[PDB]
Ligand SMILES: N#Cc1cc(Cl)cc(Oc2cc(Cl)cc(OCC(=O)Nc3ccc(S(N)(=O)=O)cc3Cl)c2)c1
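Okay, here we've got a single chain as structure tokens, the form solved without the ligand, with questions on binding and movement later.
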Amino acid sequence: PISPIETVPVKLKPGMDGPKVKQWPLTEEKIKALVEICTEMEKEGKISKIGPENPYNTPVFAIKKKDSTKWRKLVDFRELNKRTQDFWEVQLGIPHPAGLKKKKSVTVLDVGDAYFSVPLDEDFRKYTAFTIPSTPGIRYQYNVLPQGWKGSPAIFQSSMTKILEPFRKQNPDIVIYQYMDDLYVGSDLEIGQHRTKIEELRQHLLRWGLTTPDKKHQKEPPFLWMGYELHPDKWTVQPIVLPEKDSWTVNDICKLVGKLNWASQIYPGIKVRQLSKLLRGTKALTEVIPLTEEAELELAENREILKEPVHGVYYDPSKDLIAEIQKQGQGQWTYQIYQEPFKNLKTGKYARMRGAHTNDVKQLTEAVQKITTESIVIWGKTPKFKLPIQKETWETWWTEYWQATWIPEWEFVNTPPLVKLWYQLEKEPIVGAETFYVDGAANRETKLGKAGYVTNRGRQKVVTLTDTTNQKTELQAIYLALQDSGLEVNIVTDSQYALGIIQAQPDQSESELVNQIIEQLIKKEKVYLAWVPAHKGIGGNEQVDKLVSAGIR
């Protein structure tokens, strides 16, 4: 039937008007699909025949459902969507099985024909005019929420929430995970009393016009829910079938990364760096891309991972939340969250590269941050951490990074590869290290530049560069000095730019040149990098400025 719930007042964006769009042509199979649906809906007052007093129209179609026996009537409302007001979406995320607590009794219910059970605002109904092509063609409008309209999900989700409020306040200790029209219902009653509470919920929903067909009323484990199978003590993801082509387009790559991402929530060790690099630049989905040797190999490892059997467990709040992170290389991380060892709640990965230049301690801090926020969403609290980084390492980094950085409660885990700082600038100038004054100049017109140094022991070198920039020459000069210096070196630069990068101790960079520089910094015993104001006559910055300036500036 149709809920006696009050409609939600909607309106078009100011100065706009309803869609006028030709019904495009449909399959025979689909026209009879539609007609059967529309004669039934019309009978039930869910749609109304309209006349010529309705200028509007919007194309309709249908697709088979997951049942493959039933059709879903859809409406391409993309134009009405454009001209409809904004809603605030009330769905803030996706519930996750790992966040469920053990319940003695469980039920899963799906509301039947959910949207069509919720009234649409009368004032707005006319913009939903459509036409079934066929005897001639029939013109209807919607009295209930239509599928393809942008207001329908929020309005349904909000209505469902009003409807369950009273049952929730009366039954505070029945837990009801409410996702669209899908209900997970859990309790700590004996199955006898539980079944009775379910009936009371079902009657409650039926009083507000929402039916719950026995066909989608799961009573025994394992429950199918949100893409999982919930067993009484463990949960599982429904099988993830990877594609298997030999040519790969941008589109089926994007499709493979997605299934992998989805997979990583419970499959430890999933990696997709090498695969998503492929997607760079490529201008269209149809475009084909050849698997790099590394991507090739990565896809294999993932395939082996997916072959194993795996599961998660439910949340026990009387216990601690533990997050364990593992370094994976390439700016790739994996984590398993658990309470009791070797019984994961869930897993995940972190690979986001943010920054032209970064290092592993930064990246680890980003991983911890993401994991924390995710734990707060799922369990409502921060987890305790097990990280592959020595307390001394983190300490060093923290007392020398000029930024506020912090990790919650953690404890070290000898499982390699450990995270570390790969070199360390000196805080004092070095005795018996040669002093390099470096500098660069670039001509903005010609793009020609020079980079070079001058040392206190009387060496000088100038390298000429083409198609370059000021920043680039400053970086080139520092590199040059690292190349021609010993295991210990003092470098004086006038470039804040260059100084800011190196001082943050990167071990990876987008920049070829910065990477070469990093390679050198790791080989050294001691580096000390100092700054002076440029063009302020400070020798021997002065000396090297003259060198690289000549014929450039």
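Just count from 1 along the sequence shown to find any residue number.
Form deposited with the ligand bound: not shown, discussed below.
- Using a 2.4 Å cut-off against backbone and C-beta atoms, the ligand, superposed onto this form from its pose in the deposited bound form, places 3 or more atoms that close, and the site is blocked.
- Residue contact with the ligand in the deposited bound form: residue 209 places no heavy atom within 4.5 Å of it.
- Using a 4.5 angstroms threshold between heavy atoms, residue 221 counts as touching the ligand in the deposited bound form.
- Using a 4.5 Å cutoff between non-hydrogen atoms, residue 408 does not count as a contact of the ligand in the deposited bound form.
- Of the heavy atoms in residue 322, none are within 4.5 Å of the ligand in the deposited bound form.
- When you look in the deposited bound form, the only residue of 384, 311, 83, 101 with a non-hydrogen atom within 4.5 Å of the ligand is 101.
- Out of the listed residues 177, 401, 412, 422, 177 is the one that sits within 4.5 Å of the ligand in the deposited bound form by at least one heavy atom.
- Figure note: of the listed segments 104-112, 428-436, 122-130, 287-295, the one touching the ligand in the deposited bound form, with heavy atoms no more than 4.5 Å away, is 104-112.
- Along 177-191, residues 177, 184, 186 each place a heavy atom within 4.5 Å of the ligand in the deposited bound form.
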